[PDB]
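Student: File name structure-v3.txt; file contents compact mmCIF, C-alpha atoms and all ligand atoms; full text below.
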```
# COMPACT_ATOMS: atom_id res chain seq x y z
CA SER A 10 -126.51 -93.43 70.03
CA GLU A 11 -124.82 -90.05 69.67
CA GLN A 12 -126.90 -89.12 66.68
CA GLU A 13 -130.25 -89.86 68.28
CA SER A 14 -129.55 -87.30 71.06
CA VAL A 15 -128.59 -84.68 68.39
CA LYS A 16 -131.96 -85.53 66.65
CA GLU A 17 -133.81 -84.96 69.95
CA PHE A 18 -132.04 -81.67 70.58
CA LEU A 19 -132.92 -80.45 67.10
CA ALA A 20 -136.59 -81.48 67.25
CA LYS A 21 -137.06 -79.50 70.47
CA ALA A 22 -135.07 -76.60 68.98
CA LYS A 23 -137.41 -76.57 65.89
CA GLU A 24 -140.54 -76.42 68.07
CA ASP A 25 -139.08 -73.40 69.93
CA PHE A 26 -138.19 -71.64 66.61
CA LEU A 27 -141.52 -72.25 64.95
CA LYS A 28 -143.50 -70.53 67.70
CA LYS A 29 -141.43 -67.34 67.36
CA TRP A 30 -141.28 -67.71 63.54
CA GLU A 31 -145.06 -67.79 63.12
CA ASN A 32 -145.54 -65.07 65.79
CA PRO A 33 -142.61 -62.59 65.67
CA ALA A 34 -141.75 -60.22 68.49
CA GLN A 35 -142.30 -56.63 67.43
CA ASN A 36 -141.80 -53.04 68.69
CA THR A 37 -140.11 -53.97 71.94
CA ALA A 38 -138.29 -50.72 72.57
CA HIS A 39 -137.79 -47.12 71.47
CA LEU A 40 -134.70 -45.18 70.40
CA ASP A 41 -134.95 -42.71 73.31
CA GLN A 42 -134.16 -45.61 75.69
CA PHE A 43 -130.61 -45.77 74.35
CA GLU A 44 -127.65 -43.48 74.65
CA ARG A 45 -125.54 -43.49 71.45
CA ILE A 46 -121.82 -43.87 72.27
CA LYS A 47 -119.94 -44.75 69.09
CA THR A 48 -120.13 -46.37 65.66
CA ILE A 49 -118.26 -49.71 65.83
CA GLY A 50 -118.98 -51.25 62.42
CA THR A 51 -120.75 -51.43 59.07
CA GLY A 52 -122.48 -54.67 57.92
CA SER A 53 -123.74 -55.84 54.54
CA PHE A 54 -126.16 -52.88 54.89
CA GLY A 55 -126.35 -50.14 57.55
CA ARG A 56 -124.17 -49.26 60.52
CA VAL A 57 -123.76 -50.60 64.02
CA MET A 58 -123.40 -48.38 67.12
CA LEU A 59 -122.37 -49.04 70.72
CA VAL A 60 -125.31 -47.95 72.89
CA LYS A 61 -126.27 -48.05 76.60
CA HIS A 62 -129.78 -48.93 77.68
CA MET A 63 -130.70 -46.35 80.40
CA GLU A 64 -133.14 -48.50 82.36
CA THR A 65 -130.61 -51.34 82.89
CA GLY A 66 -127.22 -49.84 82.23
CA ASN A 67 -126.61 -52.68 79.78
CA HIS A 68 -124.50 -51.96 76.76
CA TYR A 69 -125.73 -53.21 73.32
CA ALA A 70 -124.86 -53.03 69.59
CA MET A 71 -127.63 -51.34 67.67
CA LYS A 72 -127.88 -51.75 63.91
CA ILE A 73 -129.58 -48.90 62.13
CA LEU A 74 -131.06 -49.29 58.62
CA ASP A 75 -132.34 -46.37 56.65
CA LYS A 76 -135.62 -47.68 55.19
CA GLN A 77 -135.30 -45.58 51.98
CA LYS A 78 -131.73 -46.88 51.43
CA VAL A 79 -132.93 -50.43 51.91
CA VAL A 80 -135.72 -49.97 49.26
CA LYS A 81 -133.18 -48.54 46.71
CA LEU A 82 -130.83 -51.46 47.25
CA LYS A 83 -133.75 -53.91 46.84
CA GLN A 84 -133.19 -55.41 50.24
CA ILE A 85 -136.71 -55.12 51.54
CA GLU A 86 -137.43 -58.83 51.63
CA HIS A 87 -133.93 -59.67 52.93
CA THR A 88 -134.19 -57.26 55.86
CA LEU A 89 -137.60 -58.65 56.87
CA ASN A 90 -135.97 -62.17 56.66
CA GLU A 91 -133.08 -60.96 58.80
CA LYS A 92 -135.16 -59.61 61.73
CA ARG A 93 -137.73 -62.46 61.57
CA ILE A 94 -135.05 -65.15 61.66
CA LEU A 95 -132.88 -63.47 64.29
CA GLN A 96 -135.78 -62.90 66.74
CA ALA A 97 -136.77 -66.59 66.41
CA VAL A 98 -133.43 -68.36 66.83
CA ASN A 99 -131.50 -69.38 70.02
CA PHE A 100 -128.13 -71.09 69.96
CA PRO A 101 -124.91 -70.32 71.90
CA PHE A 102 -122.84 -69.12 68.93
CA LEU A 103 -125.55 -66.85 67.50
CA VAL A 104 -125.68 -63.27 68.61
CA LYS A 105 -128.90 -62.52 70.46
CA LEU A 106 -131.36 -59.90 69.30
CA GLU A 107 -132.51 -58.12 72.48
CA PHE A 108 -134.87 -55.50 70.98
CA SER A 109 -136.18 -54.43 67.59
CA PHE A 110 -138.23 -51.38 66.58
CA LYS A 111 -138.66 -48.75 63.87
CA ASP A 112 -139.50 -45.10 63.45
CA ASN A 113 -140.50 -42.80 60.62
CA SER A 114 -137.04 -43.09 59.00
CA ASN A 115 -135.17 -46.13 60.27
CA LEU A 116 -135.21 -49.75 61.39
CA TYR A 117 -133.32 -50.71 64.54
CA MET A 118 -132.02 -54.03 65.77
CA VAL A 119 -130.47 -54.00 69.22
CA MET A 120 -128.13 -56.96 69.85
CA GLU A 121 -125.87 -58.12 72.67
CA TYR A 122 -122.52 -56.33 72.61
CA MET A 123 -119.26 -58.23 72.24
CA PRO A 124 -116.42 -55.81 73.25
CA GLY A 125 -113.73 -58.20 72.12
CA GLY A 126 -114.12 -57.48 68.43
CA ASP A 127 -114.36 -59.86 65.52
CA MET A 128 -112.21 -62.69 64.17
CA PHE A 129 -111.17 -60.51 61.26
CA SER A 130 -109.24 -58.02 63.47
CA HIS A 131 -107.51 -60.76 65.44
CA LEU A 132 -106.74 -63.00 62.44
CA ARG A 133 -105.23 -60.25 60.28
CA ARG A 134 -103.17 -58.98 63.20
CA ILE A 135 -101.59 -62.29 64.21
CA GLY A 136 -101.30 -63.48 60.58
CA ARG A 137 -102.79 -66.96 60.98
CA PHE A 138 -104.19 -69.34 63.57
CA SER A 139 -102.64 -72.72 64.47
CA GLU A 140 -104.62 -75.77 63.38
CA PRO A 141 -105.97 -76.47 66.90
CA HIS A 142 -106.96 -72.81 67.19
CA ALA A 143 -108.67 -72.92 63.79
CA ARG A 144 -110.51 -76.19 64.62
CA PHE A 145 -111.83 -74.76 67.87
CA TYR A 146 -113.60 -72.01 65.87
CA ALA A 147 -114.55 -74.26 62.90
CA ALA A 148 -116.28 -76.66 65.30
CA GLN A 149 -118.52 -73.89 66.49
CA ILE A 150 -119.51 -73.01 62.90
CA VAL A 151 -120.14 -76.69 62.13
CA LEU A 152 -122.65 -76.93 65.00
CA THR A 153 -124.23 -73.57 64.20
CA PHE A 154 -124.73 -74.59 60.60
CA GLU A 155 -126.16 -77.88 61.92
CA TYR A 156 -128.63 -75.86 64.02
CA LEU A 157 -129.53 -73.35 61.23
CA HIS A 158 -129.96 -75.82 58.34
CA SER A 159 -132.18 -78.06 60.54
CA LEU A 160 -134.55 -75.09 60.71
CA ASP A 161 -134.37 -74.73 56.89
CA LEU A 162 -132.18 -71.61 57.21
CA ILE A 163 -129.29 -70.83 54.86
CA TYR A 164 -126.78 -68.25 56.23
CA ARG A 165 -125.02 -67.11 53.07
CA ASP A 166 -122.39 -64.70 54.52
CA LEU A 167 -119.78 -66.64 56.50
CA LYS A 168 -116.45 -64.73 56.83
CA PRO A 169 -114.24 -63.59 59.74
CA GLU A 170 -115.87 -60.14 59.64
CA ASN A 171 -119.13 -61.69 60.82
CA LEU A 172 -117.76 -63.66 63.74
CA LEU A 173 -117.58 -61.85 67.05
CA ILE A 174 -115.34 -63.14 69.88
CA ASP A 175 -117.04 -63.17 73.31
CA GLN A 176 -115.41 -62.73 76.71
CA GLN A 177 -114.92 -66.48 76.93
CA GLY A 178 -113.17 -66.61 73.51
CA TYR A 179 -116.12 -68.37 71.77
CA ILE A 180 -117.87 -67.10 68.55
CA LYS A 181 -121.09 -65.30 67.86
CA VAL A 182 -122.33 -65.15 64.28
CA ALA A 183 -123.40 -61.52 63.97
CA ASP A 184 -124.98 -60.53 60.62
CA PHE A 185 -128.13 -62.03 59.11
CA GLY A 186 -128.77 -59.71 56.20
CA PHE A 187 -128.85 -62.62 53.72
CA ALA A 188 -130.23 -65.41 55.95
CA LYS A 189 -133.31 -67.04 54.49
CA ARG A 190 -135.75 -69.76 55.40
CA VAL A 191 -135.98 -71.97 52.24
CA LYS A 192 -136.86 -75.61 51.63
CA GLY A 193 -135.27 -76.51 48.27
CA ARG A 194 -133.43 -74.11 45.99
CA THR A 195 -133.03 -70.38 45.77
CA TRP A 196 -131.27 -68.12 43.28
CA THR A 197 -130.18 -64.76 44.71
CA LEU A 198 -126.67 -63.60 44.01
CA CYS A 199 -125.44 -62.59 47.45
CA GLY A 200 -122.56 -63.21 49.87
CA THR A 201 -118.96 -61.99 49.77
CA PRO A 202 -116.74 -62.66 46.67
CA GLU A 203 -114.00 -64.75 48.35
CA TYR A 204 -116.63 -66.99 50.02
CA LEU A 205 -119.08 -67.65 47.11
CA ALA A 206 -119.69 -71.22 45.96
CA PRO A 207 -119.19 -71.82 42.20
CA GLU A 208 -122.90 -72.52 41.79
CA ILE A 209 -123.68 -69.00 43.02
CA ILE A 210 -121.12 -67.44 40.64
CA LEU A 211 -122.64 -69.42 37.75
CA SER A 212 -126.27 -68.31 38.43
CA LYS A 213 -127.19 -71.91 38.93
CA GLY A 214 -129.75 -72.23 41.67
CA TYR A 215 -128.42 -73.41 45.01
CA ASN A 216 -129.06 -74.69 48.53
CA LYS A 217 -127.51 -75.05 52.02
CA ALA A 218 -124.39 -76.58 50.49
CA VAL A 219 -123.05 -73.13 49.71
CA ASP A 220 -122.68 -72.66 53.53
CA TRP A 221 -120.39 -75.73 53.69
CA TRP A 222 -118.28 -74.46 50.81
CA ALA A 223 -118.01 -71.14 52.73
CA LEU A 224 -116.87 -73.13 55.80
CA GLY A 225 -114.02 -74.52 53.70
CA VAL A 226 -113.00 -71.02 52.77
CA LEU A 227 -113.08 -69.93 56.40
CA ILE A 228 -111.03 -72.84 57.73
CA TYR A 229 -108.46 -72.29 55.00
CA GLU A 230 -108.29 -68.57 55.68
CA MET A 231 -107.89 -69.15 59.42
CA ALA A 232 -105.10 -71.72 58.96
CA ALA A 233 -103.26 -70.06 56.05
CA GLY A 234 -103.81 -66.45 57.07
CA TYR A 235 -105.12 -65.74 53.53
CA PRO A 236 -108.15 -67.02 51.51
CA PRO A 237 -107.87 -69.96 49.09
CA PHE A 238 -108.96 -67.67 46.22
CA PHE A 239 -107.83 -64.09 46.18
CA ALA A 240 -107.03 -61.34 43.72
CA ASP A 241 -107.29 -57.56 43.44
CA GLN A 242 -110.70 -57.71 41.78
CA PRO A 243 -113.86 -59.84 42.26
CA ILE A 244 -114.01 -61.12 38.64
CA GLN A 245 -110.44 -62.48 39.02
CA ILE A 246 -111.59 -64.21 42.25
CA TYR A 247 -114.59 -65.79 40.40
CA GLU A 248 -112.37 -67.28 37.67
CA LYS A 249 -110.17 -68.93 40.33
CA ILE A 250 -113.23 -70.30 42.18
CA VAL A 251 -114.76 -71.81 39.02
CA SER A 252 -111.42 -73.21 37.66
CA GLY A 253 -111.60 -76.06 40.22
CA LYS A 254 -107.92 -75.80 41.32
CA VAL A 255 -106.86 -74.93 44.89
CA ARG A 256 -103.35 -74.90 46.45
CA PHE A 257 -102.55 -75.39 50.10
CA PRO A 258 -99.63 -74.13 52.16
CA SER A 259 -96.90 -76.70 52.79
CA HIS A 260 -97.66 -76.33 56.50
CA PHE A 261 -101.26 -77.70 56.23
CA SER A 262 -101.54 -81.18 57.77
CA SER A 263 -102.61 -83.89 55.33
CA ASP A 264 -105.98 -84.26 57.21
CA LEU A 265 -106.64 -80.49 56.82
CA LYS A 266 -105.98 -80.71 53.13
CA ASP A 267 -108.37 -83.69 52.85
CA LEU A 268 -111.13 -81.90 54.83
CA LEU A 269 -110.70 -78.87 52.61
CA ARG A 270 -110.74 -80.73 49.23
CA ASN A 271 -114.11 -82.23 50.29
CA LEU A 272 -115.57 -78.80 51.35
CA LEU A 273 -114.16 -76.85 48.38
CA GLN A 274 -115.62 -79.43 46.01
CA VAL A 275 -117.11 -77.93 42.86
CA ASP A 276 -119.13 -81.19 42.39
CA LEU A 277 -122.28 -80.86 44.52
CA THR A 278 -122.85 -84.65 44.69
CA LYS A 279 -119.37 -84.99 46.20
CA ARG A 280 -119.29 -81.93 48.57
CA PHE A 281 -119.23 -82.72 52.31
CA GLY A 282 -122.25 -81.55 54.30
CA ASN A 283 -124.41 -82.20 51.20
CA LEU A 284 -124.38 -86.03 51.05
CA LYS A 285 -126.62 -88.76 52.56
CA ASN A 286 -124.77 -88.59 55.89
CA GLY A 287 -125.09 -84.75 56.00
CA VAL A 288 -123.05 -83.01 58.71
CA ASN A 289 -121.64 -86.25 60.14
CA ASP A 290 -119.28 -86.56 57.15
CA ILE A 291 -117.67 -83.39 58.61
CA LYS A 292 -117.98 -84.13 62.33
CA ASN A 293 -116.53 -87.68 62.03
CA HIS A 294 -113.61 -86.53 59.87
CA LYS A 295 -110.06 -87.11 61.07
CA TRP A 296 -109.08 -83.38 61.32
CA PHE A 297 -111.89 -83.27 63.90
CA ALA A 298 -111.00 -86.54 65.80
CA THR A 299 -109.81 -84.53 68.86
CA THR A 300 -113.02 -82.49 68.98
CA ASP A 301 -115.52 -83.14 71.69
CA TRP A 302 -118.73 -81.65 70.21
CA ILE A 303 -120.76 -81.55 73.40
CA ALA A 304 -117.91 -79.87 75.27
CA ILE A 305 -117.81 -77.23 72.51
CA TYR A 306 -121.58 -76.66 72.66
CA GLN A 307 -121.41 -76.38 76.48
CA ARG A 308 -118.31 -74.12 76.39
CA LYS A 309 -116.13 -76.46 78.48
CA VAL A 310 -113.18 -76.49 76.02
CA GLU A 311 -110.45 -73.96 76.94
CA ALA A 312 -110.39 -71.10 74.44
CA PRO A 313 -107.12 -70.47 72.57
CA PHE A 314 -107.56 -66.73 73.11
CA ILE A 315 -109.58 -64.42 75.35
CA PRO A 316 -109.91 -60.73 74.39
CA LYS A 317 -108.60 -58.15 76.88
CA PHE A 318 -111.47 -56.83 79.03
CA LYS A 319 -111.13 -53.03 79.22
CA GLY A 320 -114.74 -52.55 80.39
CA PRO A 321 -118.41 -53.27 79.53
CA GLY A 322 -118.53 -50.36 77.03
CA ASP A 323 -114.91 -50.31 75.80
CA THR A 324 -114.50 -49.78 71.99
CA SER A 325 -110.71 -50.12 71.43
CA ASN A 326 -111.19 -53.50 69.73
CA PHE A 327 -113.08 -51.89 66.86
CA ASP A 328 -111.88 -49.34 64.33
CA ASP A 329 -113.05 -45.72 64.14
CA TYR A 330 -115.81 -44.87 61.64
CA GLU A 331 -117.51 -41.72 60.42
CA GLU A 332 -120.34 -40.63 62.77
CA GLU A 333 -123.60 -39.88 60.88
CA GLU A 334 -126.44 -38.26 62.81
CA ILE A 335 -129.63 -40.27 63.21
CA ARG A 336 -132.24 -38.17 61.48
CA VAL A 337 -135.84 -39.13 62.13
CA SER A 338 -138.10 -37.41 59.59
CA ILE A 339 -141.51 -35.99 60.65
CA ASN A 340 -143.10 -38.10 57.87
CA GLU A 341 -143.40 -41.88 57.76
CA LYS A 342 -141.31 -43.51 55.07
CA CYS A 343 -142.02 -46.90 53.56
CA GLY A 344 -144.70 -47.86 56.05
CA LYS A 345 -146.37 -50.55 53.97
CA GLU A 346 -143.09 -52.21 52.83
CA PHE A 347 -141.94 -52.57 56.44
CA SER A 348 -145.22 -53.06 58.30
CA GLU A 349 -144.29 -56.51 59.62
CA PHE A 350 -140.96 -55.25 61.07
CA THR B 5 -94.54 -65.82 48.70
CA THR B 6 -98.31 -66.19 48.69
CA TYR B 7 -98.59 -64.37 52.04
CA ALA B 8 -96.57 -61.46 50.59
CA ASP B 9 -98.83 -61.31 47.46
CA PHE B 10 -101.96 -61.27 49.63
CA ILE B 11 -100.57 -58.59 51.96
CA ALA B 12 -99.67 -56.35 48.99
CA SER B 13 -103.15 -56.98 47.48
CA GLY B 14 -106.09 -54.54 47.69
CA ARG B 15 -108.29 -57.06 49.59
CA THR B 16 -106.74 -57.39 53.09
CA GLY B 17 -109.28 -55.06 54.69
CA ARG B 18 -112.94 -55.73 55.50
CA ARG B 19 -114.80 -57.11 52.58
CA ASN B 20 -118.21 -55.97 51.56
CA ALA B 21 -121.04 -58.29 50.61
CA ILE B 22 -122.08 -58.14 46.95
CA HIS B 23 -125.51 -58.15 45.32
CA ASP B 24 -127.55 -57.62 42.11
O1 LIG C 1 -120.23 -53.93 64.38
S1 LIG C 1 -120.70 -55.27 63.99
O2 LIG C 1 -121.46 -55.27 62.77
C1 LIG C 1 -121.78 -56.06 65.12
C2 LIG C 1 -122.98 -56.52 64.59
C3 LIG C 1 -123.91 -57.20 65.42
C4 LIG C 1 -123.62 -57.34 66.78
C5 LIG C 1 -122.42 -56.85 67.34
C6 LIG C 1 -122.11 -57.01 68.69
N1 LIG C 1 -120.97 -56.61 69.25
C7 LIG C 1 -120.04 -55.95 68.49
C8 LIG C 1 -120.26 -55.77 67.15
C9 LIG C 1 -121.46 -56.22 66.51
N2 LIG C 1 -119.47 -56.27 63.74
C10 LIG C 1 -118.12 -55.73 63.71
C11 LIG C 1 -117.56 -56.15 62.33
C12 LIG C 1 -118.60 -56.09 61.20
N3 LIG C 1 -119.39 -57.35 60.92
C13 LIG C 1 -120.40 -57.79 61.97
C14 LIG C 1 -119.78 -57.69 63.37
```
What does this structure look like when you write it as structure tokens?
Ligand SMILES: O=S(=O)(c1cccc2cnccc12)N1CCCNCC1

Tutor:
Amino acid sequence: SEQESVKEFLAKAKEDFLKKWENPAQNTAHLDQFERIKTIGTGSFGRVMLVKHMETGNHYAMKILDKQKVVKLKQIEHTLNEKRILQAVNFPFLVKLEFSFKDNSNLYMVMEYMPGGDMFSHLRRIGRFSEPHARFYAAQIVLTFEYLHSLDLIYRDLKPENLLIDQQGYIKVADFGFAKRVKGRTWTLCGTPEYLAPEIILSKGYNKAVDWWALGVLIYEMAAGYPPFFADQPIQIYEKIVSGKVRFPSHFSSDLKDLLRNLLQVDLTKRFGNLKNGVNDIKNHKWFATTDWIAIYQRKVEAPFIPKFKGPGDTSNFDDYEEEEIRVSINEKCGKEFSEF
Amino acid sequence: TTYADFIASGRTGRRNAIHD
């Protein structure tokens, strides 16, 4: 019964996505419509600035990508993926792209602004989240991954740094630099070292299952306060990931441990989210027995934590960064490479 | 403790994505 309604939701959600996917929105604003206030982050590539749209007085987070820097880092195809996917999608725990445009020098992606900061800041500061607090957030990622994978999208960069906390204490996934629409396998080495599935490390050719492995890393990090595999250098992290051993805090409930052994499973035929019953092997698990999935989607569950509102354009929940000027050259750079943007 | 080893490690700040 439950599953047939999920099916119906997802079929309607796919029709919506396809229209925007085959016909992307393009050139929907211009830089001179925004007042630049402050740099509030750096992503996989580029920088993100608090801005204010003059015509509405809305505040937004604008990501700026230097087209020449993107070509040198061989991210052309990934940045086109990123804007094409983000303009097409629509789900409550995905940050919304409000405008996109480009000029002679840069690409711009203007997104809704979450003044509360990201899970990284809050997690590091308090040390670790309780299990109920961790499950509240995990549940949102489980549904989001359910939404994305049904559209044939792999996300490929789950980590606390990419999860914004809204004014209701719910998540928005906020960086799509590696998101990709693929049916079947793909091979690019990308993601963040602590979060990489063993099949990525081993140049093996992978699918959506790497997102579920990354979920296991996230849950563990939220509940332990540190990642399951850590070291001072990436190569030392990769050895630990491929070894196939993992150790849990003594405070993890036996159900948490058993969820996590099934997500951090090196064996792809045994890894939860991958099997015949897909996402329901996760959703029906015991660690999740208290979770009401519809109440999470609707935002009826009480959030464990609500960031302090110090205004629509307050930036105290982000760190300070170096301010680079936006330089727009008088000549067009990389026109052909980015024509579809 | 494991928490103490992590907190003394060089990877407690924001982690960059990797690539080819
Ligand atoms: O500055 S952000 O890039 C950012 C990106 C996209 C939308 C945003 C909306 N509100 C705040 C920050 C936002 N961000 C802070 C930590 C770095 N990782 C991604 C989240």

Student: Return the single residue from A:34, A:272, A:160, A:119 that is closest to ligand LIG 1 (chain C), with distances computed using only C-alpha atoms and all ligand atoms.

Tutor: A:119

Student: Please check the contacts: residues of chain B at most 8 Å away from chain A, using only C-alpha atoms, listed as a list in words.

Tutor: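 The selection requested is residues 7, 10, 13, 14, 15, 16, 18, 19, 20, 21, 22, 23 and 24 of chain B.
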
Student: Take the selection from the previous step and output its residues with C-alpha atoms, as a short mmCIF file (atom, residue, chain, number, x, y, z; two decimals), in the frame of the given file.

Tutor:
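This went into again.cif:
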```
data_model
loop_
_atom_site.label_atom_id
_atom_site.label_comp_id
_atom_site.auth_asym_id
_atom_site.auth_seq_id
_atom_site.Cartn_x
_atom_site.Cartn_y
_atom_site.Cartn_z
CA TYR B 7 -98.59 -64.37 52.04
CA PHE B 10 -101.96 -61.27 49.63
CA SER B 13 -103.15 -56.98 47.48
CA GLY B 14 -106.09 -54.54 47.69
CA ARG B 15 -108.29 -57.06 49.59
CA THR B 16 -106.74 -57.39 53.09
CA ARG B 18 -112.94 -55.73 55.50
CA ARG B 19 -114.80 -57.11 52.58
CA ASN B 20 -118.21 -55.97 51.56
CA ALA B 21 -121.04 -58.29 50.61
CA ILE B 22 -122.08 -58.14 46.95
CA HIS B 23 -125.51 -58.15 45.32
CA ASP B 24 -127.55 -57.62 42.11
#
```

Student: Any residue with an atom at most 10 Å from ligand LIG 1 (chain C) counts, using all atoms listed in the file. Which are they? Put them as a ChimeraX atom specification.

Tutor: /A:48-59,68-72,103-106,118-130,168-175,181-185,324,326-328 /B:18-20

Student: Mind pulling up the distance from CA of residue 250 (chain A) to CA of residue 85 (chain A)?

Tutor: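 About the pair CA of residue 85 (chain A) and CA of residue 250 (chain A): they are 29.5 Å apart.
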
Student: By how many Å are CA of residue 148 (chain A) and CA of residue 301 (chain A) apart?

Tutor: 9.1 Å

Student: In Å, how far is it from CA of residue 269 (chain A) to CA of residue 177 (chain A)?

Tutor: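 Straight-line distance from CA of residue 269 (chain A) to CA of residue 177 (chain A) works out to 27.6 Å.
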
Student: Within 10 Å of region 303-310 of chain A, which residues of region 89-153 of chain A show up? Give each one with its shortest atom-to-atom distance in Å (one decimal) and the two atoms involved, counting all atoms listed in the file, rows by chain then rising residue number, as JSON lines.

Tutor:
```
{"residue": "A:100", "atom": "CA", "partner": "A:306", "partner_atom": "CA", "distance": 9.0}
{"residue": "A:101", "atom": "CA", "partner": "A:306", "partner_atom": "CA", "distance": 7.2}
{"residue": "A:102", "atom": "CA", "partner": "A:306", "partner_atom": "CA", "distance": 8.5}
{"residue": "A:145", "atom": "CA", "partner": "A:305", "partner_atom": "CA", "distance": 8.0}
{"residue": "A:146", "atom": "CA", "partner": "A:305", "partner_atom": "CA", "distance": 9.4}
{"residue": "A:148", "atom": "CA", "partner": "A:305", "partner_atom": "CA", "distance": 7.4}
{"residue": "A:149", "atom": "CA", "partner": "A:305", "partner_atom": "CA", "distance": 6.9}
{"residue": "A:152", "atom": "CA", "partner": "A:306", "partner_atom": "CA", "distance": 7.7}
{"residue": "A:153", "atom": "CA", "partner": "A:306", "partner_atom": "CA", "distance": 9.4}
```

Student: For residue 268 (chain A), please output as a ChimeraX atom specification all residues within 10 Å (counting all atoms listed in the file; exclusion window: fewer than 5 positions along the same chain).

Tutor: /A:225,228-229,263,273,281,290-291,294-297

Student: Can you sort out the box for region 8-24 of chain B, edges along x, y and z, all listed atoms in, 4 Å on every side, with centre and edge lengths in Å to one decimal, as AutoDock Vina command-line options?

Tutor:
```
--center_x -112.1 --center_y -58.0 --center_z 48.8 --size_x 39.0 --size_y 14.9 --size_z 21.4
```
